[PDB]
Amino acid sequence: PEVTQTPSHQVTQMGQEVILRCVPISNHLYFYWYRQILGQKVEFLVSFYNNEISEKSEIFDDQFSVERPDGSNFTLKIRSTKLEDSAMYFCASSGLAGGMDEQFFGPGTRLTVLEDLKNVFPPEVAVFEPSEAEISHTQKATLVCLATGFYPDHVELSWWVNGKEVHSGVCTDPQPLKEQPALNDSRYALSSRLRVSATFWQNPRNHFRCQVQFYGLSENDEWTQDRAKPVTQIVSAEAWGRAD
């Protein structure tokens, strides 16, 4: 019983039209859109009920639009993106037409609005094998994954052991760091660690993989540079078990 939002993240050029799609809870009566600019408060945009706009933000209408095409989907359309449209877009729904209940929020779409797509770069992903010293001292093995040089911010790092995603023994930086912190178009770096028992790491029939999902250029975006189009992609690095 949840609200779903696609895509997770989106990169768009300034001035272009964007469509944030959403799937409210099936039997819900009221549908909403909220947005949050980084470091700012979650702000209301629009509410919708029985095929009509109920309340709208003082900004909305002059810029945005909503549509309810079928009894399953709800969408938000930004006519012409601006640098100030860079926010996390939340979709919500509530069951009662009276409003005396909670609003269920979607996971949100991270929209990044850029002046130019030229500075978009996918990450480089590398895995650093555990220190033999660490093994000899703690009988534990820490693998380190680094995702570097990506632009813009927000990638999803995951660890896979023998084809299965692992969450135990894992920790990833909640926020990435800037490579050239002076620059405003500065690329990012993100790290993560996976810790296992020395026995587990020493078994050579154990495969370790680090995956980074990057959200970049779209199917219909323009690309004129010599380097590979920085499209949405999964970049990965791997490590095998060493008996040592």
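Counting begins at 1, following the sequence as shown.
Legend: mean Cα B-factor per stretch from the PDB entry, 190-198 versus 177-185; the higher mean is in 177-185. Looking at mean Cα B-factors across 95-103 and 158-166, the upper value is held by 158-166. Take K56, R35, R205, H28 and read off each C-alpha B-factor from the entry; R205 has the highest. Taking the deposited Cα B-factors for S136, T172, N73, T109, the highest one is held by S136. Sorting the modelled residues of the chain by their CA temperature factor places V3 in the lowest third. When all modelled residues of the chain are sorted by CA temperature factor, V18 is found within the highest third. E43: CA B factor in the lowest third of modelled residues in this chain (values from the PDB entry). In this PDB entry, the Cα temperature factor of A141 sits in the middle third of its chain's modelled residues. For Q213, the recorded CA temperature factor ranks within the lowest third of the chain's modelled residues.
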